[PDB]
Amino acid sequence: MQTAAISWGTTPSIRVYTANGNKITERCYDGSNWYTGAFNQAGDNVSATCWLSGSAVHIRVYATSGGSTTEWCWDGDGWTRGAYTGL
């Protein structure tokens, strides 16, 4: 069981990604009860980062399953695969 944590804004919002049992899930704080978010992808290891633009939060989550890392992107309109490729 392994986590990654990000936050933004002054509320703040927090996201905690947990890799366990080959899956990565997402717990979210937006100022009230913690909740389970829409992020759900395969992986045994996770990292994440985020930034703000004028009218969106952008999240990049790096999900590693074995020898391959997949980037997952939030830009306000659902989770989409990113263009990241490894070395």
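Here, rigid core means the biggest group of C-alpha atoms that superpose within 1.5 Å across both forms. Start at 1 with the first residue shown and count on from there.
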More variable segment, 52-60 or 30-38 [Cα RMS over structures in 4 other deposited structures of this protein, core-superposed]: 52-60
Residue range whose averaged C-alpha B-factor is higher in the record, 77-85 or 1-9: 77-85
47-55 set against 26-34, stretch whose average Cα temperature factor tops the other in the entry: 47-55
Third of the chain, ranked by Cα B-factor, where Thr70 sits: middle
